[PDB]
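*Asks:*
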Amino acid sequence: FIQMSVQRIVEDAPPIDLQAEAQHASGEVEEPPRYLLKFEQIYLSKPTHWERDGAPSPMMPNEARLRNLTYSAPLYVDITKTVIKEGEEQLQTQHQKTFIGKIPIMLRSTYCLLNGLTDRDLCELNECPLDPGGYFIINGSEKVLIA
Amino acid sequence: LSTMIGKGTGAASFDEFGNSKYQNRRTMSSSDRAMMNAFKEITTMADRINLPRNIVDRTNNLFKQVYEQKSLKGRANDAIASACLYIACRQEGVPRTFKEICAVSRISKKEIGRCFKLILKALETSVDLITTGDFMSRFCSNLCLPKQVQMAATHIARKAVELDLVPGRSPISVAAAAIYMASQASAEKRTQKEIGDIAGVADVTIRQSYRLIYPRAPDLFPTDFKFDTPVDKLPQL
Amino acid sequence: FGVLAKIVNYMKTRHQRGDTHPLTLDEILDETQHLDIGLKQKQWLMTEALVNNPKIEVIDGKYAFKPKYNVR
Amino acid sequence: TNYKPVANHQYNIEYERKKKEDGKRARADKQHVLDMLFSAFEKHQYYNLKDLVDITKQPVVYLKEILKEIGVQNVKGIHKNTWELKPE
Amino acid sequence: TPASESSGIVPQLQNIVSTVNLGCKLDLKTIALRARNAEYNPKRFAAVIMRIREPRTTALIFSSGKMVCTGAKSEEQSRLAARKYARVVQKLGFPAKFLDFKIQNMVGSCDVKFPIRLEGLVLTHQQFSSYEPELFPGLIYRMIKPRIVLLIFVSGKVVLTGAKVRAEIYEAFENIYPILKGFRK
Amino acid sequence: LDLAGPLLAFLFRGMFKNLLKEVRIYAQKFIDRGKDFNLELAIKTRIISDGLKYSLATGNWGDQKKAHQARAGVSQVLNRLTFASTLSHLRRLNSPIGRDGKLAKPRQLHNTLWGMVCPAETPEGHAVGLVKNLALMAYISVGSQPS
Amino acid sequence: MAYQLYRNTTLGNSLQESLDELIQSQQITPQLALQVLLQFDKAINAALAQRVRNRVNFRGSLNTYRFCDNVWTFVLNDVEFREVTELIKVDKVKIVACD
Amino acid sequence: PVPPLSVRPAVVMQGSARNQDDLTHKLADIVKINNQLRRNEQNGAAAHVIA
Amino acid sequence: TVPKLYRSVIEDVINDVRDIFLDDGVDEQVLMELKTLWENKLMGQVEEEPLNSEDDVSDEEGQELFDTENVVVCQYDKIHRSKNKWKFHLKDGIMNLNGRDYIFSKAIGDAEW
Numbered sequence: 050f051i052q053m054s055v056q057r058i059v060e061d062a063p064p065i066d067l068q069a070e071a072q073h074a075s076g077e078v079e080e081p082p083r084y085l086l087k088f089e090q091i092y093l094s095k096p097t098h099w100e101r102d103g104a105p106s107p108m109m110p111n112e113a114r115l116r117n118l119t120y121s122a123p124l125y126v127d128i129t130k131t132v133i134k135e136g137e138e139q140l141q142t143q144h145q146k147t148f149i150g151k152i153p154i155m156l157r158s159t160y161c162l163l164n165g166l167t168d169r170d171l172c173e174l175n176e177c178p179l180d181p182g183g184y185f186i187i188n189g190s191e192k193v194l195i196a
Numbered sequence: 080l081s082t083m084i085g086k087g088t089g090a091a092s093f094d095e096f097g098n099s100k101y102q103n104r105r106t107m108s109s110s111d112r113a114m115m116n117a118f119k120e121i122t123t124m125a126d127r128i129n130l131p132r133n134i135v136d137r138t139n140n141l142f143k144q145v146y147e148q149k150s151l152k153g154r155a156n157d158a159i160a161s162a163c164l165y166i167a168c169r170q171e172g173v174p175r176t177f178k179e180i181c182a183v184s185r186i187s188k189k190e191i192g193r194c195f196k197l198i199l200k201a202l203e204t205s206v207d208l209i210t211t212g213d214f215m216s217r218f219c220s221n222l223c224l225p226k227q228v229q230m231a232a233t234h235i236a237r238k239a240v241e242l243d244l245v246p247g248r249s250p251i252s253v254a255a256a257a258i259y260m261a262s263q264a265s266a267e268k269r270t271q272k273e274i275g276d277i278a279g280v281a282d283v284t285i286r287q288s289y290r291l292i293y294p295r296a297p298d299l300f301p302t303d304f305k306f307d308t309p310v311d312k313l314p315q316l
Numbered sequence: 075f076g077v078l079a080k081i082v083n084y085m086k087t088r089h090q091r092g093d094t095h096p097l098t099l100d101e102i103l104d105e106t107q108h109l110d111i112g113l114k115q116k117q118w119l120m121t122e123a124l125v126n127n128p129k130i131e132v133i134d135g136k137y138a139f140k141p142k143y144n145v146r
Numbered sequence: 151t152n153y154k155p156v157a158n159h160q161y162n163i164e165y166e167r168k169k170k171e172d173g174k175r176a177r178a179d180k181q182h183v184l185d186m187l188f189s190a191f192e193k194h195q196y197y198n199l200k201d202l203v204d205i206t207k208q209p210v211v212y213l214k215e216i217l218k219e220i221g222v223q224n225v226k227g228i229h230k231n232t233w234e235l236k237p238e
Numbered sequence: 153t154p155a156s157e158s159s160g161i162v163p164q165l166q167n168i169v170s171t172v173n174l175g176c177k178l179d180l181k182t183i184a185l186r187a188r189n190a191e192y193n194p195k196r197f198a199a200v201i202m203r204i205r206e207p208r209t210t211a212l213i214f215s216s217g218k219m220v221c222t223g224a225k226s227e228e229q230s231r232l233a234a235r236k237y238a239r240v241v242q243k244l245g246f247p248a249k250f251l252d253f254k255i256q257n258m259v260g261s262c263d264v265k266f267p268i269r270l271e272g273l274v275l276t277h278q279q280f281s282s283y284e285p286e287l288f289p290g291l292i293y294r295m296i297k298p299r300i301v302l303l304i305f306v307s308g309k310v311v312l313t314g315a316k317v318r319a320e321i322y323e324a325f326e327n328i329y330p331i332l333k334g335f336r337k
Numbered sequence: 393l394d395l396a397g398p399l400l401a402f403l404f405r406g407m408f409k410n411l412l413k414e415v416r417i418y419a420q421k422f423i424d425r426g427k428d429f430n431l432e433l434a435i436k437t438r439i440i441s442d443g444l445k446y447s448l449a450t451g452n453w454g455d456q457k458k459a460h461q462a463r464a465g466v467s468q469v470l471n472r473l474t475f476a477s478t479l480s481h482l483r484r485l486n487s488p489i490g491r492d493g494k495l496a497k498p499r500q501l502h503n504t505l506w507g508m509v510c511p512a513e514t515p516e517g518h519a520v521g522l523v524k525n526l527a528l529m530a531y532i533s534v535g536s537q538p539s
Numbered sequence: 001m002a003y004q005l006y007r008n009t010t011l012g013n014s015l016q017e018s019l020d021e022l023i024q025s026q027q028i029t030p031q032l033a034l035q036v037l038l039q040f041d042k043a044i045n046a047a048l049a050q051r052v053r054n055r056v057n058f059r060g061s062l063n064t065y066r067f068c069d070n071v072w073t074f075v076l077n078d079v080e081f082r083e084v085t086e087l088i089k090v091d092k093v094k095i096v097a098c099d
Numbered sequence: 254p255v256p257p258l259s260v261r262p263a264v265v266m267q268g269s270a271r272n273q274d275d276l277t278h279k280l281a282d283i284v285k286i287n288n289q290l291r292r293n294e295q296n297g298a299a300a301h302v303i304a
Numbered sequence: 009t010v011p012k013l014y015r016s017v018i019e020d021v022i023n024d025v026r027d028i029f030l031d032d033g034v035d036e037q038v039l040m041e042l043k044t045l046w047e048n049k050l051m307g308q309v310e311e312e313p314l315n316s317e318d319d320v321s322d323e324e325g326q327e328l329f330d331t332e333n334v335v336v337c338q339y340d341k342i343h344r345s346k347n348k349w350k351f352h353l354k355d356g357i358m359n360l361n362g363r364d365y366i367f368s369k370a371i372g373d374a375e376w
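Protein chains in written order, with the entry's author numbering: chain D, 50 to 196; chain V, 80 to 316; chain X, 75 to 146; chain B, 151 to 238; chain E, 153 to 337; chain W, 393 to 539; chain L, 1 to 99; chain Y, 254 to 304; chain Z, 9 to 51, 307 to 376.
Below, the structure written as structure tokens:
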């Protein structure tokens, strides 16, 4: 779902264009200003938490459960602005790397930091080595989706 | 006021001829709908910098108080919401800069600052005075700086204010200059442009502030600090 | 048409002033500062605005009293 | 994110546009403004208030007092109003 | 207070704000056309701007007949400049009249010649003082007596405004100076 | 069987398209007032962030205002009473059904479940044979482009 | 619309006078002369736009000023026009500027 | 007839008054529109809008 | 270089108004005579009016009506001032000084009164 599904959906079919309603009652000249937006590659960080100070830090699934957090990670996307005006300007293009929302990670999946650590390390993080994962953590409660 | 209604039994629900089943719903609280619209803007602003719900709850509270007095009804409602957000953030002992709240908004720095004073006059209330410590944490954090270096910078900042080396300088700029001195005294060495980029201040302001604190650099570091480059080899710029 | 409205407005003010004395077109052009409106428009005036006019009062060989006709 | 604008970059540009002689209108040149009204009315029998505001660059309330002076108003649909100097 | 008369450093007046009504309607365009050393941009602002070097001052005159005079070093000098402008308007042939001349504001400034700790001042007078070093580098003090606003700096510089009478400035400054000396570095 | 990926995928598509509309409305409001645009301000992060957070927590599904009639109860708190309850819970699958009185053939044990779903392992209660559990070796396709 | 102001110039005035001679001899009409003056405006504006590329720098004492109908009118005293290869001083000069 | 409060003891559930019996909330809707239709008769009563 | 510019101007004007001359039916000889002539030319009381207590605060009318001095016609880009200190950013530009004629596309500028 992350490695495929979310990327395909932001690429699939959402280009949006807007053409201003100018030159009313009087108009001529050359420009009713027009803008187009396009979305490129999606980026997904490791599960993070923002402390009230404003300082981000890595979140530990055990901590997420005690303090009652939502164990999720930030999702970022490439957004483009293209200004092919009605004449003079056409090559006005600018690249951006932007935060759009927070995707809940599922435990010990390829995007949840627990997948990489070894058995001794995982025991060091107060996490069970035998615990299977594959369930989301929301607001302190462990939640599993039924097929 | 009242409950709502909405479409769905398949129909009969007249439109008899036109294409509008039964009837349209009705607005209720319009005089206040832009208060509700203010609450919507405060949460958007609030999430864009990852604030806690406790801040949002204080912010919403301040706003209702300012709204009920109707003492500053003429002002830009969005400017009022943004100023409330700034106050709530400072009262909870974790201030954001005027530069930061402006960033997540469409209101100008001057106008947020102006509204800030007016709200303070409207509620006949006061807040604490910002210190170096209240910002040293966030900045050093976003630059991926080690915990030890953050600690040193804090000490550098605190002492710098204690020795009164910067009577004609803002604490944020001094904070920035301490961060630079620390970073250049460690292996990390974040560039002036990068620090500039997190702090928001002009990199010429840091350079001047650094030039002002450089003559006393030996005395400002913690004696327990693990040095990488000695002060006798600390660069000048 | 606009020019004609300025004739109407002038005439309106004159009626308001208390007088309904008729004047020549030339004088009206002058007093409305529309003397240089050209032959064509003048001709349009003569063969529509002044004669197809539903409530124009012709008296003393000149055109008077445009704003009102319903009450005297 | 939020590489601090302190004065929003588009907003700066809009103020800059404003920073070229704006916020003052003729009102004041009445008669010359009347000339614009007469000229405009020559093109069509009726106009929207918004077209007159674009055309004469003056305060709306003053123009309304003029339209009360030399004309009437005619509305239709959802508050769609057009004014006319009563052609006859 | 005799005991401290080296408070009595008498703060210097730098600016005076007065208004006066010429008593007649005028035409700024003709004025701008006719008058020398004057500027008028009706597309930017309404008032015509005129400037003399005499007591080095400037005045802004409306069409209603009201005008505002600024730039004076003193209130007498301000009445002189106000009178000089109205004279000029007289010289235009216009029905110029010296009517309703009144001072609206006085500004003073001074230096105390010693450094002070604003952190203490803002702490102890928290109800009235307002200090935002991130925004403005000065400190804003709102007295409730001679309703005056003060600008305090670490150097010891002070500016006072909102004044209606010079005595009020001295009174505001004689009152606050001991506190400032009590917060010296 | 729709699993966590295709179940999440339905929601992410809907919120992200919904997000696209809210950004469309913002750009028009920018153009109307006399222009003041900030592409980073138009993204209403809460649509995605909170929207996934909400659906996954309550167990509801989608629009909440209306869509919740059949696809209710799809997320659940992960039961943790022993080690087995959890492994068995994560490896559970649910057939949707009418409710309160239906008697037919989607309750008995079709032959084709052989090697697929558990012979005997189904709730002893009202929903007998409707919530099933996946056999021991059985597996599920993630699926990919036929191209 | 190109500014009438450059008609005030010696160049512009010699043209107006040249046209006036032609009118004295009744070989042309006043409207046609005006049409020639309008074309001269456009053409000299064009000549300014396309050919003229040089610049000058100046300092001096300001004697009087005016601003009306978006027209600036000055009179400066003890002026000094400075260029990269020449220098030009004059006791007093009037500067009229439109835009 | 308006049923007595004993029929709609709301439910408070902490807060205070957060417990306006949703039937009351519907009763508030009836009174609101009936007030408006009353004012409509008092004021510029239309036709289709009254309907 | 600059008399040549005027010559450039002469060519452009004569060329572009020629058609006007033809449109009226005016003779090309008149056009040439125009050019030749033009070339030849080329080279109580105190509560009412204490106002009279400031008589003579006047200056010279000498500096505007007479125009004894030289003149410059140009355009302005931006004008800026700071008390008695004035700054000018000018553009386009024909100058006449003590007799000779000069030109500029931009001119920047500082003066005090």
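We treat Cβ as the ideally placed atom computed from N, Cα and C, and that holds for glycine.
#1: Can you check whether the CB of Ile-300/E is closer than 8 Å to the CB of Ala-324/E?
#2: With 16 other CB atoms within 10 Å as the buried threshold, where does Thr-151/B fall?
#3: Out of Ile-58/D, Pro-81/D, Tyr-184/D, which has the shortest C-alpha to C-alpha gap to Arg-472/W?
#4: So, with DSSP's three-state summary, where would you put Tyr-259/V?
#5: Of the residues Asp-263/E, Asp-252/E, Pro-285/E, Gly-260/E, which one's Cα is nearest the Cα of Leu-270/E?
#6: Rounded to whole angstroms, what's the CA-CA distance from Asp-24/Z to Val-17/Z? Just pull it up for me.
#7: Please confirm whether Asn-139/V has its beta-carbon closer than 8 Å to some beta-carbon of chain D.
#8: Taking a Cβ distance cut-off of 9 Å, strictly less, list which residues of the segment 162 to 191 of chain V are near chain B, in chain order.
#9: Beta strand (DSSP E) containing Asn-167/E: first to last residue?
#10: With three or more C-beta pairs closer than 8 Å as the rule, is the segment 86 to 105 of chain V touching the segment 173 to 181 of chain D?
#11: Residues of chain F with CB closer than 9 Å to the CB of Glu-171/B, please, in chain order.
#12: With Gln-326/Z as the anchor, note down where its beta strand (DSSP E) starts and where it stops.
#13: If distances are taken between C-alpha atoms only, which option among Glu-79/D, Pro-64/D, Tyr-120/D, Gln-72/D comes closest to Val-415/W?
#14: Closer than 8 Å, CB to CB, is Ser-345/Z near chain E or not?
#15: Please classify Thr-119/D: is it buried, with 16 or more other beta-carbons within 10 angstroms of its beta-carbon, or exposed?
#16: Mind checking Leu-400/W: buried by the 16 CB within 10 Å criterion, or exposed?
#17: Are three or more beta carbon pairs between the segment 193 to 203 of chain E and the segment 288 to 298 of chain E nearer than 8 Å?
#18: List the residues of chain B that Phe-148/D touches, going by C-beta distances under 9 Å, in chain order.
#19: Whose C-alpha, out of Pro-131/V, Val-145/V, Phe-218/V, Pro-225/V, is nearest the C-alpha of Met-114/V?
#20: Given that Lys-427/W touches chain B, what residues does it touch there, using C-beta distances under 7 Å?
#21: Run through chain B and tell me which residues come within less than 7 Å of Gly-87/V, C-beta to C-beta.
#22: Examine the Cβ distances between the segment 29 to 45 of chain Z and the segment 318 to 328 of chain Z and report whether three or more of them are shorter than 8 Å.
*Replies:* Put simply:
#1: yes
#2: exposed
#3: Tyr-184/D
#4: helix
#5: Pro-285/E
#6: 10 Å
#7: no
#8: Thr-176, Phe-177, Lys-178, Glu-179, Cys-181, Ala-182, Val-183, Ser-184, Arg-185, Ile-186, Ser-187, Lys-188, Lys-189
#9: 164 to 173
#10: no
#11: Absent from the structure: chain F. Protein chains present are D, V, X, B, E, W, L, Y and Z.
#12: Where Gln-326/Z is concerned, there is no enclosing beta strand (DSSP E), given that its DSSP letter is neither H nor E.
#13: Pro-64/D
#14: no
#15: buried
#16: buried
#17: no
#18: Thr-151
#19: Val-145/V
#20: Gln-160, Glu-164
#21: Neighbours of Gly-87/V on chain B: none; closest Cβ ~28 Å, over 7 Å.
#22: no
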